[PDB]
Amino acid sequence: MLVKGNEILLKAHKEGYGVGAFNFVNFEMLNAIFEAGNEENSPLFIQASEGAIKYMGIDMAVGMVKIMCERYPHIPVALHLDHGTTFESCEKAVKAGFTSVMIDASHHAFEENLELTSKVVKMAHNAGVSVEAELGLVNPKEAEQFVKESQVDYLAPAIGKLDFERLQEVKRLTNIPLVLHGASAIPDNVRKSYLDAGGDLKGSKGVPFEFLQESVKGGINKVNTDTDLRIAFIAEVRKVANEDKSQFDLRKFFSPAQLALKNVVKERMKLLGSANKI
């Protein structure tokens, strides 16, 4: 059911696996993510950006997740604000029923980042909500101080290829769950699916699978995944548009799109190590 972010990630931290954090913007994305978790027996970290929240309305973002939660009550799921930008934004998410919030203040100096993170932490912890923050390449010594002072629950350190030595140093010093941002891999089958549907990816490349695996071994426990899901989703939509010019049944477009998105999530759950962890 709907649980504090730290419940899922403390366990990932202790046992040494990564929990994919999958963004959604509507019902179709959320359904395929949830079906993936059900089929892989995997905990679900559900993410909504400020943009997706404005699109849906926070009442709907939370409401739909709560419906999905009742549909699979055996799956632990956290509802997590991805890249909150202001304290007020984090407070609204907490009020709306999110069980995890990220405040991104990494563009500030250390002292200002720490003070804004600490403000969000106080508010969220008072309502029983976990907090993510961002630092950074990250200075591991200030990461150590940042975590001890802010009491944030998980940290996204800037490590990039990936600086795996820096990651192990941050992990050793902070002893908390760590988050990797922009962690989509853009797999070969998804890119081939998107190009077969006529799409163009501008030669964009993700983090290869072996580097995701190595970052989990380095101590990453939350793995932000968004871009992969969208490319796998829209490529089916583009395909359906191309092949039947008379097709306007939305289900005919989004049923295969859901299936491709679900498959990306399933595979990523297996890759990161959250498969069969319920």
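For clarity, a rigid core is taken as the largest C-alpha set superposing within 1.5 Å between two forms. When you see a residue number, it is the position in the sequence shown, counting from 1.
Engineer: Between 194-202 and 69-77, which has its CA atoms farther from the current form in 8 other deposited structures of this protein, using a rigid core superposition?
Structural biologist: It is 194-202 whose C-alphas lie farther from the shown form in 8 other deposited structures of this protein.
Engineer: Once everything is fitted on the core, do the CA positions of 88-96 or those of 203-211 lie farther from the shown form in 8 other deposited structures of this protein?
Structural biologist: Taking the RMS over all superposed structures in 8 other deposited structures of this protein, 203-211 lies farther out.
Engineer: With residue 206 and residue 207 adjacent in the shown sequence, let me know how many deposited residues between them lack coordinates: none, 1 to 3, 4 to 9, or 10 or more.
Structural biologist: Missing in between: none.
Engineer: Count, per the entry, the deposited residues between residue 160 and residue 161 that are not modelled, and return the matching class: none, 1 to 3, 4 to 9, or 10 or more.
Structural biologist: Per the record, 10 or more deposited residues are absent between residue 160 and residue 161.
Engineer: Comparing 178-186 with 161-169, where is the mean C-alpha B-factor higher?
Structural biologist: Between 178-186 and 161-169, it is 161-169.
Engineer: Between 77-85 and 114-122, which has the higher average C-alpha B-factor in the PDB entry?
Structural biologist: Result of the comparison: 114-122.
Engineer: I'd like to know which of 26, 246, 224, 49 has the highest C-alpha temperature factor in the PDB entry.
Structural biologist: Of the candidates given, the C-alpha B-factor peaks at 246.
Engineer: Checking the record values for 216, 61, 235, 33, which has the greatest CA B factor?
Structural biologist: The listed residue with the largest C-alpha B-factor is 235.
Engineer: Lowest, middle or highest third: where is residue 91 by C-alpha B factor in its chain?
Structural biologist: For residue 91, the deposited C-alpha B-factor lands in the lowest third.
Engineer: Can you work out whether the C-alpha temperature factor of residue 270 puts it in the lowest, middle or highest third of the chain?
Structural biologist: Middle third, going by the recorded CA B-factors of the chain.
Engineer: Relative to the other modelled residues in the chain, which third contains the C-alpha temperature factor of residue 150: lowest, middle or highest?
Structural biologist: Middle third.
Engineer: Taking the C-alpha B-factors as the PDB entry records them, is residue 135 in the lowest, middle or highest third of its chain?
Structural biologist: It belongs to the middle third of the chain when residues are ordered by C-alpha B-factor.
Engineer: Sorting the chain's CA B-factors, does residue 194 end up in the lowest, middle or highest third?
Structural biologist: It falls in the top third of the chain.
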